[PDB]
Visitor: 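Mind looking over this structure? Questions follow.
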Amino acid sequence: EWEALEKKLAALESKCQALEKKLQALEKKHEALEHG
Amino acid sequence: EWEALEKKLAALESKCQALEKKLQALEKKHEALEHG
Amino acid sequence: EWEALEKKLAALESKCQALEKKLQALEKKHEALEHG
Ligand SMILES: [Cl-]
Ligand SMILES: [Pb+2]
Ligand SMILES: [Zn+2]
Ligand SMILES: [Zn+2]
Ligand SMILES: [Zn+2]
Ligand SMILES: [Zn+2]
C-alpha cells in the first residue's frame with residue numbers, strides 16, 4: 001500500500017542515481033576529447 | 001489519490017527506461033569509437 | 001505521508017527532466033560529429 005509506493009520510489013531513485021553516474025562519465029569523455 | 005501516485009510512478013519508470021536505452025546506445029557509440 | 005510521497009515524486013521528475021536535457025545535449029554532440 002503506502003510503503004509499497006515508498007519501496008518503488010526508493011528503487012527508482014537508486015536507478016536514476018546510477019544513470020546519472022553513467023551520464024557524468026560520458027560527459028567527462030567528451031571533455032577529455034575536447035581538451036585532448 | 002493512492003492510484004494517482006501509482007499512475008505518476010508507472011509513467012516516470014517508463015520515461016526512465018526510455019532514457020536508459022538512449023544512454024546505452026551512447027555508451028555503445030563510444031565502445032565502437034574506442035575499438036575502431 | 002501522502003503529500004511526502006507527492007513531494008519526493010515531484011523532486012524525482014525534476015531530476016529526471018534535467019538528466020534528459022544533458023542526455024539530449026550528448027546526442028546533439030554525436031550528430032554534430034557524424035555530419036561534420
Ligand atoms: Cl555520449
Ligand atoms: Pb530517471
Ligand atoms: Zn558521447
Ligand atoms: Zn571543456
Ligand atoms: Zn572497450
Ligand atoms: Zn545524423
Side-chain angles (χ1 to χ4, degrees), chain B, chain C:
Chain B
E1 25 65 76
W2 174 38
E3 282 203 60
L5 280 175
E6 167 201 289
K7 268 260 180 179
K8 281 168 191 151
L9 210 3
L12 187 50
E13 281 172 64
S14 185
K15 174 148 271 287
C16 292
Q17 276 188 59
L19 294 177
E20 179 172 34
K21 299 268 177 268
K22 280 176 164 275
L23 183 135
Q24 294 182 100
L26 288 166
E27 290 180 327
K28 193 171 171 197
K29 279 184 178 212
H30 285 277
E31 283 294 331
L33 282 161
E34 287 152 15
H35 299 275
Chain C
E1 25 65 76
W2 174 38
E3 282 203 60
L5 280 175
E6 167 201 289
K7 268 260 180 179
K8 281 168 191 151
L9 210 3
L12 187 50
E13 281 172 64
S14 185
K15 174 148 271 287
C16 292
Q17 276 188 59
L19 294 177
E20 179 172 34
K21 299 268 177 268
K22 280 176 164 275
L23 183 135
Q24 294 182 100
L26 288 166
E27 290 180 327
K28 193 171 171 197
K29 279 184 178 212
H30 285 277
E31 283 294 331
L33 282 161
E34 287 152 15
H35 299 275

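The sequence lines fix the lettering, A, B, ..., with proteins before strands; numbering per chain opens at 1.
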Visitor: Quick one: which residues of residues 29-36 of chain C reach chain B at under 4.5 angstrom, heavy atoms only?
Guide: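 Contacts with chain B: C:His30, C:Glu34.
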
Visitor: Taking 4.5 Å as the heavy-atom cut-off, does anything in residues 4-13 of chain C contact chain B, and if so which residues?
Guide: C:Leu5, C:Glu6, C:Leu9, C:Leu12, C:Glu13

Visitor: Give the minimum heavy-atom separation between B:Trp2 and C:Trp2, together with the two atoms involved.
Guide: N-NE1, 4.5 Å

Visitor: What are the two closest heavy atoms between B:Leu19 and C:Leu23, and how far apart are they?
Guide: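 In this case the closest contact between B:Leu19 and C:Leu23 is O-CD1, 3.7 Å.
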
